[PDB]
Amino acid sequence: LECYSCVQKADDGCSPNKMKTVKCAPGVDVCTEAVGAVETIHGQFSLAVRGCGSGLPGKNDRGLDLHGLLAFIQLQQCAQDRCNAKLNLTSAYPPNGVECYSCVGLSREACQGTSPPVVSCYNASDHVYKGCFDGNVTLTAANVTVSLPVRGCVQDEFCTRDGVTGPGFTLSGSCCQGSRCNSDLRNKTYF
């Protein structure tokens, strides 16, 4: 069995002419395709992993909400070779007082401390967005894991080390109050 293999983070990696074709190990009968989308009130990006997989064919799709961050993950496994290229790798309010650091597809090399840009929050969809969030998104499939930082505005200022999970998927981090407080929350603690 031959499967596409590629990784997107969150960029060019699963494009047609960089997708690779690998042959699966003996006993493996499915290719895998996983695309994870994260959407904040200022932008949206996607992670993907295509590769050789395990278990039976099937589908596993879940949409999640962490304090006003939206995630959508799709996981597809099929048994015809080169079949894991079906999924898309693609998806006026007034400002309130607070401004947060925003990483929505910045590299982990690029999203650190005070380096990322600043976005003026706004209560989109009538929910109030006055917290800042520092955290991360991870996707695991085909025995590889891909992860990027996530930063932005959220409907909660008081969450500490929160998360949602989907199949091979986590979105997790911490909240804070005060403009530009999500410079670095890895120290925040606890419960």
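Position 1 is the first residue in the sequence shown; the rest follow in order.
Novice: Using none, 1 to 3, 4 to 9 or 10 or more, say how many deposited residues go missing between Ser91 and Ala92.
Specialist: Missing residues, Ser91 to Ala92: 10 or more.
Novice: Taking the mean of the C-alpha B-factors per stretch from the entry, tell me the winner out of 138-146 and 118-126.
Specialist: Higher of the two, by average CA B-factor, is 118-126.
Novice: Given the B-factors recorded for C-alpha atoms, which segment has the greater mean, 97-105 or 78-86?
Specialist: Averaged over C-alpha atoms, the B-factors run higher in 97-105.
Novice: Considering only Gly163, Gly166, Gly51, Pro26, which residue's Cα atom bears the greatest B-factor as recorded?
Specialist: In the PDB entry, the greatest C-alpha B-factor among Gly163, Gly166, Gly51, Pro26 is found at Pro26.
Novice: Based on the entry's values, in what third of the chain does the Cα temperature factor of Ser179 lie: lowest, middle or highest?
Specialist: Answer is highest: the recorded C-alpha B-factor places it there.
Novice: What third of its chain's C-alpha B-factors does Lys59 belong to: lowest, middle or highest?
Specialist: Its C-alpha B-factor belongs to the middle third of this chain's values.
Novice: Give the position of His67 by CA B-factor within its chain, expressed as the lowest, middle or highest third.
Specialist: Answer is lowest: the recorded C-alpha B-factor places it there.
Novice: Consider only the C-alpha atoms of the modelled residues in this chain, order them by B-factor as the entry records it, and name the third containing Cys14: lowest, middle or highest.
Specialist: For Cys14, whose C-alpha B-factor we compare with every modelled residue in the chain, the answer is the middle third.
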